[PDB]
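Just so we're on the same page: letters track the sequence lines, and every chain starts at 1. The basis for the numbers below is simple: all heavy atoms, side chains too, and nothing from hydrogens, waters or symmetry mates.
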There are 2 protein chains.
Amino acid sequence: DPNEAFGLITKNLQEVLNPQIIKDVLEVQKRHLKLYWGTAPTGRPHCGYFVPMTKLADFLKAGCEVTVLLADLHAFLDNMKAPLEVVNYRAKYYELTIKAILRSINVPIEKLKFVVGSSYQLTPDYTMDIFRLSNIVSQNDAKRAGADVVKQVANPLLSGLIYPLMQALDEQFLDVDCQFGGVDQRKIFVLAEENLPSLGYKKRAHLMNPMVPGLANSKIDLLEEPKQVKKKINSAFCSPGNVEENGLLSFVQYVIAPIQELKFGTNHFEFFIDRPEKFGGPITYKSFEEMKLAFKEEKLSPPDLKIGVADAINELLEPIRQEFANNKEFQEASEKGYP
Amino acid sequence: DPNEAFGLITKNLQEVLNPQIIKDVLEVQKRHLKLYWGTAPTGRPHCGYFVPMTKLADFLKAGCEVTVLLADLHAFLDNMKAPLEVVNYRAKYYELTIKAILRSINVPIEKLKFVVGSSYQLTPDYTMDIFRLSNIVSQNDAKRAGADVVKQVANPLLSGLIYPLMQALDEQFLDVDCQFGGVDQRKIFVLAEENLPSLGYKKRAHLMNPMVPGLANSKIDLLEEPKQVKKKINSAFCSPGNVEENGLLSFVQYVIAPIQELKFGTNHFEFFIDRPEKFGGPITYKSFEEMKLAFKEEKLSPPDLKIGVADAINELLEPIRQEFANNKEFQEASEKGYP
RNA sequence: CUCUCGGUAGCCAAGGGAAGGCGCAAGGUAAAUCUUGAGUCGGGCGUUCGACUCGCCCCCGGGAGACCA
RNA sequence: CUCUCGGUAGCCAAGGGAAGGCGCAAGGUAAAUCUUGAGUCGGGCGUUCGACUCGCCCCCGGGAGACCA
Ligand SMILES: Nc1ncnc2c1ncn2[C@@H]1O[C@H](COP(=O)(O)NC(=O)[C@@H](N)Cc2ccc(O)cc2)[C@@H](O)[C@H]1O
Ligand SMILES: Nc1ncnc2c1ncn2[C@@H]1O[C@H](COP(=O)(O)NC(=O)[C@@H](N)Cc2ccc(O)cc2)[C@@H](O)[C@H]1O
Ligand SMILES: [Mg+2]
Ligand SMILES: [Mg+2]
């Protein structure tokens with residue numbers, strides 16, 4: 001149903017650009033929306049990745065044609081974050097990490113498409129379109145567009161300017177109506193909207209998830225050891241009463257709640273905190289806002305919040321950790337992709 | 001003979017970078033030198049092009065494997081100087097112009113190879129190497145390298161930065177020992193020398209011809225009408241005695257002399273000037289330096305120099321003009337490439 | 001290619017017998033004030049009793065220059 | 001996408017009844033001094049007696065902004 005589908009597609013997002021495009025596809029064209037989410041097989045994925053994964057689940061639930069682009073070439077072009085022979089293994093590592101997360105939160109992944117960027121990004125039609133776009137995008141616009149995505153270094157490389165053009169062309173070459181990513185992709189997303197019509201290609205809608213802030217070593221690896229989860233959580237900034245600058249609270253806000261909501265309805269939020277009897281007994285918060293207000297009113301202390309978040313993160317990571325220990329290909333990709 | 005060959009290859013050049021490479025090819029490897037000259041099918045070629053053409057003749061005479069690269073894609077990437085469908089016709093126009101010049105100065109062109117840049121520049125191996133080089137060349141270096149070749153505009157396009165990288169890779173993909181161009185190519189040439197070894201490819205030698213200065217509408221089209229040649233020559237700067245800033249003198253220096261030398265030996269320079277009896281009779285200068293000294297000593301006036309240069313340019317252009325009027329494909333390429 | 005400035009703890013660095021500043025970890029959660037502790041000279045070959053320092057060759061990075069403008 | 005500044009002779013531009021500056025062409029070769037001549041408002045729809053000027057919609061370019069920094 002085109003209204004229900006639209007509701008599922010846009011829920012929990014910070015920003016939707018060109019919703020009319022999605023609405024036209026669902027209501028006028030009367031077909032399933034084609035979208036993709038792209039990731040550069042760069043460093044090891046962290047707990048921040050849970051946010052896009054919940055959205056992928058919403059998309060599949062809505063009947064969308066969902067593709068994950070393993071942007072291997074992009075990983076090379078971003079300041080050589082992934083080099084030459086290592087990127088292929090990283091692409092696999094990413095593929096299996098993504099599949100483990102989604103399976104860990106009970107999402108059926110049969111209809112999820114995986115495309116490796118180099119499988120079309122080295123064809124003549126694509127190269128020609130790089131040239132065409134490079135003729136339309138200023139040096140200053142390509143630099144600005146990639147500013148919050150491409151690593152900014154003292155002596156910037158030409159690769160950094162090609163990166164955002166290629167991300168825009170991918171929309172066309174993947175044949176989608178829509179691209180999904182974090183709000184940190186906005187500048188590239190807007191570049192795509194402004195420039196693809198100049199090439200003869202249609203404008204695409206854009207879906208953006210909120211970013212889960214750092215904790216400050218300020219992210220948690222998706223295969224982090226329980227004791228390392230303990231340490232990273234402990235060192236996180238946490239002022240009594242401060243809810244505005246609270247990485248742990250925001251983690252619960254943007255990761256725990258949506259994963260729990262993936263049971264169903266905005267009516268399942270149960271956060272257990274194993275509080276020591278000395279400072280009151282254990283407590284289970286039944287809504288996020290209640291948990292938020294508990295902290296602001298200084299009823300929930302920072303150390304108590306740390307206990308609850310570490311236990312919940314450890315809960316989430318367990319099945320991903322277990323899939324890693326059971327899968328040798330996953331283990332091989334880890335070893336060869338990160339020497 | 002490796003010494004004679006080297007003499008022919010380097011004669012009349014302003015600068016030779018890495019002569020040891022050429023010497024190694026001719027003396028140690030004991031084979032013919034492989035080189036290329038590249039041109040972007042951009043505006044209509046002018047009388048400046050005579051200089052590279054005399055060098056091509058020297059190269060073929062030396063036994064070199066000579067390729068002219070019709071850099072169609074480059075013509076597009078230089079501020080869209082040649083667009084989309086027009087460039088193909090311009091490439092042909094350039095091919096036939098080049099062949100007419102060389103035939104007009106009695107150079108056998110059978111062994112001259114022509115390659116269209118797009119015939120390999122859109123292959124996956126090339127695209128991959130663009131990415132590799134873009135990872136090694138800074139944004140600042142790509143900008144500087146193309147500064148005197150790529151048109152500098154108020155709002156520079158990304159295409160301008162890709163241009164010089166592609167010119168460097170062409171050396172490898174054309175499988176040459178050496179690239180020939182004007183001294184205005186030096187910055188790109190040096191970029192190629194500094195960066196190709198990083199990719200695993202060998203350093204190439206570089207041959208650079210001097211530039212024939214402007215006359216100041218300050219260049220003469222290779223199909224310029226006699227009366228238009230008259231006008232452009234007349235308006236050229238020419239101070240009595242000034243040989244240091246004298247576009248016409250420099251034209252004789254770098255175009256007339258080498259074309260005449262293509263009879264043979266540095267011992268044929270005959271410049272006829274149809275001087276009106278009022279200011280002395282006609283005069284034929286037997287060496288350039290004598291003609292130069294005549295002007296410095298104020299024995300040869302600016303208007304007299306204008307007469308001689310216009311007649312000589314008209315002499316050179318005649319057979320090219322005649323080939324254009326006899327060749328319909330050449331005529332078609334002109335009409336469709338320059339609407 | 002030519003000139004020029006650089007390379008010293010993860011980062012910013014001062015300098016013929018290894019300063020600081022940032023970061024790191026310690027010291028009902030963390031941070032921030034504070035006071036303490038851990039953490040070697042791009043490479044080679046020389047000259048010297050002894051080289052981070054002096055001589056040479058090399059490797060890497062920045063800036064500029066490189067017909068004309 | 002949001003905000004903001006622009007679009008007027010080839011180029012730089014000042015501005016409810018088309019300034020300059022550069023360039024161009026003229027005025028024993030040319031240039032340079034000099035003095036003279038040629039050369040209409042991004043588009044549409046309105047409001048008005050009359051629009052370059054006022055109102056709206058559009059098209060094009062620059063700069064910035066766009067979670068956080
Ligand atoms: N902490 C976080 N919270 C929420 N989301 C996070 C967090 N970290 C990364 N993400 C989100 O997960 C996605 C993958 O991150 P990434 O860094 O691997 N990907 C990129 O930077 C993309 N530029 C890769 C890409 C390449 C080509 C394309 O056509 C499309 C995309 C990004 O869209 C990002 O917004
Ligand atoms: N007035 C002149 N005097 C002497 N030579 C002149 C003159 N004008 C152009 N030339 C010389 O003729 C050659 C062709 O000029 P062009 O402007 O068409 N070519 C370029 O700018 C080259 N960048 C085109 C190229 C592209 C890819 C390559 O792999 C190699 C080359 C250039 O090497 C130039 O030095
Ligand atoms: Mg990544
Ligand atoms: Mg050209």
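Distance noted for atom P between D/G44 and D/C59: 15 Å (whole Å). Nucleotides D/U53 and D/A66 place their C1' atoms 35 Å apart, quoted to the nearest Å. Comparing C/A19 with C/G55, their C1' atoms sit 28 Å apart, to the nearest whole Å. Remark: the separation of the P atoms in D/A38 and D/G20 is 13 Å, to the nearest Å. To the nearest whole angstrom, the two P atoms, one in D/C68 and one in D/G63, are 24 Å apart. Across the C1' atoms, D/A14 and D/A18 are found 10 Å apart, a figure rounded to whole Å. As rounded to the nearest Å, C/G17 and C/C54 have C1' atoms that lie 15 Å from one another. As rounded to the nearest Å, C/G10 and C/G43 have P atoms that lie 13 Å from one another.
In terms of position along RNA chain D, the nucleotide closest to B/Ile307 lies nearer the 5' end than the nucleotide closest to the other residue of the pair B/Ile307 and A/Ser138. RNA chain D is contacted by both A/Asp141 and B/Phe279; B/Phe279 maps to the nucleotide lying nearer its 5′ end (nearest heavy atom per residue). Nearest-nucleotide mapping onto RNA chain C: of A/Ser301 and B/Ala145, the residue sitting toward the 5' end is A/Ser301.
A positive value of the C1'-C2'-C3'-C4' torsion places the sugar of D/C5 in the north (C3'-endo) family. From the dihedral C1'-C2'-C3'-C4', which is positive here, one reads the pucker of D/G20 as north, toward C3'-endo. Using the sign of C1'-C2'-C3'-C4' as the criterion, C/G44 is classed as a north pucker. Judged by the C1'-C2'-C3'-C4' torsion, which is positive here, the sugar of D/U47 sits on the north, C3'-endo side. Sugar pucker of D/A9: south, since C1'-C2'-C3'-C4' comes out negative.
In this structure, C/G10 forms a base pair with C/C22, meeting either the Watson-Crick or the G-U wobble geometry with both donor-acceptor distances under 3.5 Å. Using Watson-Crick or G-U wobble geometry with both donor-acceptor distances under 3.5 Å, C/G61 finds its partner in C/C5. Across all strands shown, D/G44 is found opposite D/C56 as a Watson-Crick or G-U wobble partner, with both distances under 3.5 Å. Base pairing annotation: C/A69 forms no Watson-Crick or G-U wobble pair, as no partner gives both donor-acceptor distances under 3.5 Å.
Atom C1' of nucleotide C/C67 and atom CG of B/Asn12 are separated by 16 Å, given to the nearest angstrom. Following rounding to the nearest Å, A/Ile233 (CD1) and C/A31 (P) show an atom-to-atom distance of 14 Å. Rounded to whole angstrom, the span from the CZ atom of A/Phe295 across to the P atom of C/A30 amounts to 13 Å. Note: CZ (B/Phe237) to P (D/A32) measures 9 Å, nearest angstrom. With rounding to whole Å, A/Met211 atom CE is found 12 Å from D/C68 atom P. Look at CD on B/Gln253: it is 16 Å from P on C/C67, rounded to the nearest Å. At whole-Å resolution of the value, CG in B/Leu215 and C1' in C/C68 are 14 Å apart. Rounded to an integer number of Å, the gap from B/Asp304 CG to D/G28 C1' is 8 Å.
Ion pair B/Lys227/B/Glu225 not flagged as a salt bridge, since none of the NZ, NE, NH1 or NH2 atoms sits closer than 4.0 Å to an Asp/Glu carboxylate oxygen. Salt-bridge formation is not detected for the pair B/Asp141/B/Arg144: no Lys NZ or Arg NE/NH1/NH2 atom is positioned less than 4.0 Å from an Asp or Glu carboxylate oxygen. Using a 4.0 Å cut-off between charged nitrogen and carboxylate oxygen, A/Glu193 and A/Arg204 do not count as a salt-bridge pair.
The six-membered rings of C/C41 and C/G42 are unstacked under the 5.5 angstrom centre distance and 30 degree angle criterion. Under a stacking criterion requiring six-membered ring centres under 5.5 Å apart and planes under 30°, the adjacent bases D/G65 and D/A66 are classed as stacked. Using a cut-off of 5.5 angstrom for ring-centre distance and 30 degrees for interplanar angle, C/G6 is classed as stacked on C/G7.
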Give every pair of a protein N or O atom and an N or O atom of nucleotides 5-9 of chain C that lie under 3.5 Å apart, one pair per line with the distance.
none

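When the nucleotides C/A30, D/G28, C/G62 are ranked by their closest atom to the side chain of A/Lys306, C/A30 comes out on top. Each of C/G62, D/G61, D/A30 was ranked by its minimum atom distance to the side chain of B/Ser239; first place goes to D/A30. Nearest to the side chain of B/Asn155, among D/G63, D/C67, C/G61, sits D/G63.
For A/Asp148 against D/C68, a side-chain-to-base donor-acceptor contact under 3.5 Å is present.
When the side-chain nitrogen and oxygen atoms of B/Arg144 are compared with OP1 and OP2 of C/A66, none of them lie within a distance under 4.0 Å. Under 4.0 angstrom from either OP1 or OP2 of D/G63 there lies at least one side-chain N or O belonging to A/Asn140. Residue A/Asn234 has a polar side-chain atom (N or O) positioned under 4.0 Å from OP1 or OP2 of C/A30.
Remark: B/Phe279 pairs with no residue by the ring pair (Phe, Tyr, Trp, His ring centres under 6.0 Å) rule, at least two apart or across chains. In this structure A/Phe295 satisfies the ring pair (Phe, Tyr, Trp, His ring centres under 6.0 Å) test with no other residue, sequence neighbours excluded.
Between the side chain of A/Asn242 and the backbone N or O of A/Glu245 there is at least one donor-acceptor pair closer than 3.5 Å. In this structure a side-chain-to-backbone donor-acceptor pair under 3.5 Å is missing from A/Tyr163 to A/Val149. Formation of a donor-acceptor pair under 3.5 Å by the B/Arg275 side chain with backbone atoms of B/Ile283 is not found in this model.
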Go through it in stages, so that I can follow the logic: the residues are A/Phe50 and A/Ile256, the test is side chain to side chain contact (heavy atoms under 4.5 Å, CB included), and I'd like the CA-CA distance, side-chain angles, deciding distance and then a yes or no. CA-CA 9 Å; A/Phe50 274 119; A/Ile256 303 301; over 6 Å; no

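Of the residues in residues 179-186 of chain A, those placing a heavy atom less than 4.0 Å from an atom of RNA chain D are A/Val183, A/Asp184, A/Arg186, in numerical order. A heavy atom closer than 4.0 Å to some atom of RNA chain C occurs in B/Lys187, B/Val190, B/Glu194, these being the qualifying members of residues 187-210 of chain B.
The shortest side-chain heavy-atom distance between A/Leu157 and A/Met80 falls under the 4.5 Å cut-off. In this structure, A/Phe237 and A/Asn246 have side chains that are not in contact, with every pair of non-hydrogen atoms separated by 4.5 Å or more. The shortest distance between side-chain heavy atoms of A/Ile233 and A/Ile220 falls below 4.5 Å.
B/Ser198 and B/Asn195 form no side-chain donor-acceptor contact under 3.5 Å, judged by distance and modelled atom types alone.
Taking all atoms of both residues into account, the shortest heavy-atom contact from A/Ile9 to A/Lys55 is O-NZ, 3.2 Å.
Remark: A/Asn18 CG to A/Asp177 CG distance equals 12.0 Å, nearest 0.5 Å.
For residues 179-192 of chain A, the set of pairs meeting the side-chain hydrogen bond (donor to acceptor under 3.5 Å, both in side chains) definition, not counting sequence neighbours, comprises A/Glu15-A/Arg186, A/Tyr36-A/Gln179, A/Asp148-A/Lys187, A/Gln167-A/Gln179, A/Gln167-A/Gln185, A/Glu171-A/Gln179.
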